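Below you'll find the structure, written out as structure tokens, and then a few comments.
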Amino acid sequence: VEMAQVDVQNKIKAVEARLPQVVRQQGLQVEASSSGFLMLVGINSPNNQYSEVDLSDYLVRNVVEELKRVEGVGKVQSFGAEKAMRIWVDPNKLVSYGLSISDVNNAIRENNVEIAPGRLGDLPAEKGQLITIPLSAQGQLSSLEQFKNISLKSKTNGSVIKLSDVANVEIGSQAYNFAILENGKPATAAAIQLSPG
Amino acid sequence: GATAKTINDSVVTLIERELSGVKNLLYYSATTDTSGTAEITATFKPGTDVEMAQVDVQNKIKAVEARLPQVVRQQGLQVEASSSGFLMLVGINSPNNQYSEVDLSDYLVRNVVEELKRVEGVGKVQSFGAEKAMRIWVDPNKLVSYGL
Amino acid sequence: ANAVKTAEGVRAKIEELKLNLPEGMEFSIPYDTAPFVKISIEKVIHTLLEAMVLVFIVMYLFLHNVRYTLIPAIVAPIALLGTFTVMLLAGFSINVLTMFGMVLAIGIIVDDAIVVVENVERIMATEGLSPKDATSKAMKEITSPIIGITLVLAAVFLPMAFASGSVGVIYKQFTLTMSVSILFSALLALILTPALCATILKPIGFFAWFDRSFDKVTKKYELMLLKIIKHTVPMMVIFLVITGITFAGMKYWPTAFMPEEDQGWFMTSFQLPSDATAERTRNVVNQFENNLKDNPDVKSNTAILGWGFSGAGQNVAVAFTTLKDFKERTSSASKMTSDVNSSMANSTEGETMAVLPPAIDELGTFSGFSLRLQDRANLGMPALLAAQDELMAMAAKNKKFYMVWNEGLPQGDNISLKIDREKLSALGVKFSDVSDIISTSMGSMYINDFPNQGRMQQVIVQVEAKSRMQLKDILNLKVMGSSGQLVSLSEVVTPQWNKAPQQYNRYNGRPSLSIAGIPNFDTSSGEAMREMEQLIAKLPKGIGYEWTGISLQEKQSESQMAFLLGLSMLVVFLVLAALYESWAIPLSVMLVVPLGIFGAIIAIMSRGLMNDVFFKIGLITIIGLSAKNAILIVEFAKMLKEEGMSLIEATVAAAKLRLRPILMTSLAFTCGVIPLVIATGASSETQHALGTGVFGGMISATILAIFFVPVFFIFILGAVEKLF
Ligand SMILES: CC[n+]1c(-c2ccccc2)c2cc(N)ccc2c2ccc(N)cc21
């Protein structure tokens, strides 16, 4: 299986360029079919206090690796939705201010950015330099309020408006295609594959 | 473009999650410093085929290339066989200071390193010198005056 | 890849590249480890030759004739050649372990031929028979014992080749190189030796004295044995006492993995504070070079500034120090490292560690114990570092360790600039501009390539050094506002100073810290590991530990000793039961293992040597050899018993007749290992470890067995007769 998978990946690498840009950005996932299924581990919320995304987040953060380090446990496949920062834009509010989707995307790409850290005193250094110290800056946004406070410029009047005004920002799922129900309530699951031998 | 903490939380842990689970693995470890590079090492049981181990590792690490940061993705994740120590050190020096360290380091890189690396049985040649380059030292206070 | 051949190719290539070298440039090879391999190989070959010569001399001292001595001696080179063929077929390579196995087997592989020739000579002398009739009678008498001894000594080494880990690989070399050689020696003894005895043996001072003295000693041995057989229960009690002492010594004696060897070079690591610069590290490296200057025992010193084996940066350095030849040297590498550490400790602003090369090439980069302290309860990095500091505090006050330190970059200062986005919006500044001016302020940007003298070379744009040395220069950077005036970063960014780690390490997917330590002299690796475990047990909850590198292999080797010994003993017992069709005859032969382990442990205690893998291999060899010395008497005693003689009479006659072969065989093996015992020079530690235990065990088995195995036989057979 390993020698088939490596050959397949090497042959796929040839046409990676001609593929559509979004497919490249998402990435092509290559795997080998496994038959060592052992069991399923799931978490459910009887009181609906949590959603599927929250349960999946808890499972991946605090459960999957715990099960992985148990003797005889090999691969763990978590089924669910990964959390993401979802912005839902109202076209009427956007046109009210003479703004478009591209403007919102540009604002997000601008305000949320990574700043390259550096070192003061790095080589080549001025003679007599004694102290060398790292220096870093934070440009990324890590909170809902920060994303909601992003500033856009209205073309109609030139006033400064907030992203929350033209859109609703929340924490949701990267994809909403699938849902998992445990006895009619939100749930998440992970399949444990037995290690060979 | 990241600190040690960011690389640890973005690259090392994400990859090491999938590394756990290869065949005939004794243990795995990871190290990250402020040099912008991260090194993970997987140790396999004695009497194990290294060639099979490399392909297994490559298969298990290509399933996370998508989630890996863009810069690492374009630069690539490099898999290699491990050699702990140095077989030997080959040096060049100027008895009469005719050539400076930069010149010696340029000659070593551009005439010696590649020749040595092609000797049968040589796995890796690590040159502790740098090739010559065109350096542009920009004064921050000057270009701002001209608005650049 | 082969180290020796790769080094030869590198040295050849350098030779061709010398001609096209601009004047004023000279090549050098300050650090090279390949030669030591060939030096060790040639040393082990010399040891093998010395063992062969000593064994030949011992055989001559007994046989008194050159032809008689040659007849057995010829079997060893042929057996070794067959073993070489088997190694080539099986994929094994010539190395120190296989050659040491050959050296150990050189005494064994002559035992069968010695037994054949001794019986032939005895028959010719006593019965006045021709060489061909004497050979026929001798072989008819001794065919079975040779096969039994060969099978036992081949089977005894088999189990240790099935062990796991590196210790299994080590045992595999000895198992093959001993079992195959022993089988080939037995085949030669059964095939060629009778023909030579029948063909090249002619009919029949110091030698006369030796003969008369040996007859006198044989008479004294017979009388002493006759006296001894009367007292059996006391001699069972004494044997139980000896077994108890052997068990106590085996359990309560320090254990190790592999002796530390002098390879003619040591390593030095300089770790300086996080805020240190290249000049500061260069200063301490210059002090180290000056201190090592003028020392006659140093050939060449090379220092790599800015790189390390546990992290790279501006505050790290590594140096390789090569010592002169062993004959020209006057101080051991360990003393050199100790002096270097003592000198560097007093006057330096950082930590300098001088260490010796590891026991195995790729199993670590230093000799000592390596630990991984892990945060297993999500305690946090600062908690892990506090636990590290407390562990270092406990370890620095203990007499069980010499020096324990951390192999990683120190924790250090970090500056973080918090950007006031509200102020940026109010002033009209655009965030991306700030982001760009900060990112490129003190970083090197690779742009394009340009042709320099026929090679593409990089164009790198960076800010001048004078403007990236202090935080003020970065805070002086200005950006354009909406109103038009330039606003400096200091107005819009606030600096914050914090203490955070500069290196992040993980072991088995958990936050981890690497620790190294050197056990103090008079303390073994196992003792140091146990004490370190006890100290770690006192750390706060949520902190765990792991043993990595040499430590894990040593633990695994120590774990498997008892099972291997028991399985080997059971295999020998089963083989003996199969051969002699009894459950009591093997029982008597199985009681000599304590007699040899008593004496092996005694020798290692007297010489102050630890229980290591080579000691275990010697123990297995002594099990085999003691089983041989018991069999040599027990087989003939039993056979005489079926002929019609009584138990005591048959046993006494068998011991009297088989004294000479046993003494010859045992002395041949014992003298075959003296070169290892008294080895001096390079690699002498490994030879001593491999030889002292076997020397002591063989002596104890030879001296004690001749008086104990007859009593074991009589006691066990009498008990069997009484009960059933
Ligand atoms: C990711 C979709 N997907 C697949 C799947 C669909 C197509 C291709 C490969 C797997 C799946 C396949 C099998 N056998 C069993 C369970 C699931 C599953 C379960 C839950 C979920 N939320 C998505 C799930």
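List of remarks:
- Long-range neighbours under 9 Å by Cβ, at least six apart or interchain, first residue hydroxyl-bearing (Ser, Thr, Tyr) within segment A:164-186, second surrounded by fewer than 15 Cβ atoms within 10 Å (Cβ to Cβ) and part of a loop (DSSP other than H, G, I, E, B): A:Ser173/A:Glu82
- The set of residues in segment C:426-449 that are of a type outside the set (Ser, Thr, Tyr), outside any helix (DSSP H, G or I) and in contact with a strand residue (DSSP E or B) (Cβ under 6 Å, 6 or more places away or on another chain) comprises C:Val429, C:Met442, C:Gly443, C:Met445, C:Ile447, C:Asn448, C:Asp449.
- Among residues of segment C:456-483 being aliphatic (A, V, I, L, M) and in a helix (DSSP H, G or I), the one that is farthest from the chain's Cα centre (by Cα) is C:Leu475.
A quick yes/no check of all residues on (1) within 14 Å of chain A (Cβ to nearest Cβ); (2) out of contact with any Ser or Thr (no Cβ under 6 Å at 6 or more places or on another chain):
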{"position": "C:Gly244", "(1), (2)": "no, yes"}
{"position": "C:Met250", "(1), (2)": "no, yes"}
{"position": "C:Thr255", "(1), (2)": "no, yes"}
{"position": "C:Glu260", "(1), (2)": "no, no"}
{"position": "C:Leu272", "(1), (2)": "yes, no"}
{"position": "C:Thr281", "(1), (2)": "yes, yes"}
{"position": "C:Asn286", "(1), (2)": "no, yes"}
{"position": "C:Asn290", "(1), (2)": "no, yes"}
{"position": "C:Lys293", "(1), (2)": "no, yes"}
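- Residue within segment C:269-279 that is within 30 Å of C:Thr651 (Cα to Cα) and in contact with a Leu (Cβ under 9 Å, 6 or more places away or on another chain) present: no
- Candidates C:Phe239, C:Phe270, C:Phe257, C:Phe214, filtered to the one that is in a loop (DSSP other than H, G, I, E, B) and surrounded by 11 or more Cβ atoms within 10 Å (Cβ to Cβ): C:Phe257
- Test: B:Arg135 is within 7 Å of chain C (Cβ to nearest Cβ), basic (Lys, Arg) and farther than 27 Å from C:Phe309 by Cα: yes
- The single condition among (1) away from the ligand (no atom under 16 Å from the Cβ); (2) surrounded by 19 or more Cβ atoms within 10 Å (Cβ to Cβ); (3) more than 7 Å from every other protein chain (Cβ to nearest Cβ) that A:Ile115 does not satisfy is (3).
- Pick from segment A:18-30, criterion under 14 Å from A:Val8 (Cα atoms) and surrounded by 12 or more Cβ atoms within 10 Å (Cβ to Cβ), ranking: farthest from the other protein chains (Cβ to nearest Cβ): A:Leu28
- Residues of segment A:74-91 that are more than 14 Å from chain B (Cβ to nearest Cβ), surrounded by fewer than 17 Cβ atoms within 10 Å (Cβ to Cβ) and either within 13 Å of A:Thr188 (Cα to Cα) or within 14 Å of the ligand (Cβ to nearest atom) (or both): A:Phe79 alone.
- Tally, over segment C:444-467, of residues that are at the interface with chain B (Cβ under 7 Å from one of its Cβ atoms) and within 16 Å of B:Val109 (Cβ to Cβ): 5
- Every residue from segment A:14-32 that is in a helix (DSSP H, G or I) and β-branched (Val, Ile, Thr): A:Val15, A:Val22, A:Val23
- Residue match in segment C:565-581 (condition: over 30 Å from B:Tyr27 (Cβ atoms), surrounded by 17 or more Cβ atoms within 10 Å (Cβ to Cβ) and among the β-branched types (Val, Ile, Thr)): yes
- Taking strands (runs of 3 or more DSSP E) as the structural unit, those lying wholly within segment B:12-124 and holding at least 2 residues that are within 7 Å of another protein chain (Cβ to nearest Cβ) correspond to B:25-32, B:88-93.
- Note on segment C:391-425: residues that are assigned to a strand (DSSP E or B) and more than 21 Å from C:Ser310 (Cβ to Cβ) amount to 5.
- Tally of residues being surrounded by fewer than 20 Cβ atoms within 10 Å (Cβ to Cβ) and touching a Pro at 6+ places or on another chain (Cβ under 9 Å) across segment A:118-134: 1
- When the helices (runs of 4 or more DSSP H) confined to segment C:1-117 are screened for residues that are within 14 Å of chain B (Cβ to nearest Cβ), those reaching at least 3 such residues are found at C:3-19, C:34-63.
- Qualifying position, being assigned to a loop (DSSP other than H, G, I, E, B), aliphatic (A, V, I, L, M) and either crowded, with 22+ Cβ neighbours inside 10 Å or under 32 Å from the mean Cα position of the chain (by Cα) (or both), among C:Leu632, C:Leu609: C:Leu609
- Residue check for C:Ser136: within 14 Å of C:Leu190 (Cα to Cα) and either part of a helix (DSSP H, G or I) or under 26 Å from the mean Cα position of the chain (by Cα) (or both): yes
- Answer residue from segment C:367-381, given it is in contact with an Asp or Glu (Cβ under 8 Å, 6 or more places away or on another chain) and either of a type in the set (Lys, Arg) or in a loop (DSSP other than H, G, I, E, B) (or both) and is nearest to C:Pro511 (Cα to Cα) among those: C:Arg372
- Hits in segment A:144-189 - residues which are surrounded by 13 or more Cβ atoms within 10 Å (Cβ to Cβ), within 16 Å of the ligand (Cβ to nearest atom) and either within 14 Å of chain C (Cβ to nearest Cβ) or part of a strand (DSSP E or B) (or both): A:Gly172, A:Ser173, A:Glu182, A:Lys185, A:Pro186, A:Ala187, A:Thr188, A:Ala189
- Meets criteria (more than 16 Å from the ligand (Cβ to nearest atom) and touching a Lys or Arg at 6+ places or on another chain (Cβ under 8 Å)) for A:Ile133: yes
- Of the set (1) assigned to a helix (DSSP H, G or I); (2) out of contact with any helix residue (DSSP H, G or I) (no Cβ under 9 Å at 6 or more places or on another chain), all apply to C:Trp307 but (1).
- Qualifying residues in segment C:411-428 (those that are more than 7 Å from chain A (Cβ to nearest Cβ) and surrounded by fewer than 19 Cβ atoms within 10 Å (Cβ to Cβ)) - the one nearest to C:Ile474 (Cα to Cα): C:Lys418
- The number of residues in segment C:341-375 that are buried (at least 16 other Cβ atoms within 10 Å of the Cβ) and away from chain B (no Cβ under 14 Å) comes to 10.
Ideal geometry is used to build each Cβ from the backbone, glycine not excepted, and the neighbour counts take in all protein chains shown. Any read-out appearing in this document is the output of simple, stated calculations on the displayed coordinates, not a laboratory observation.
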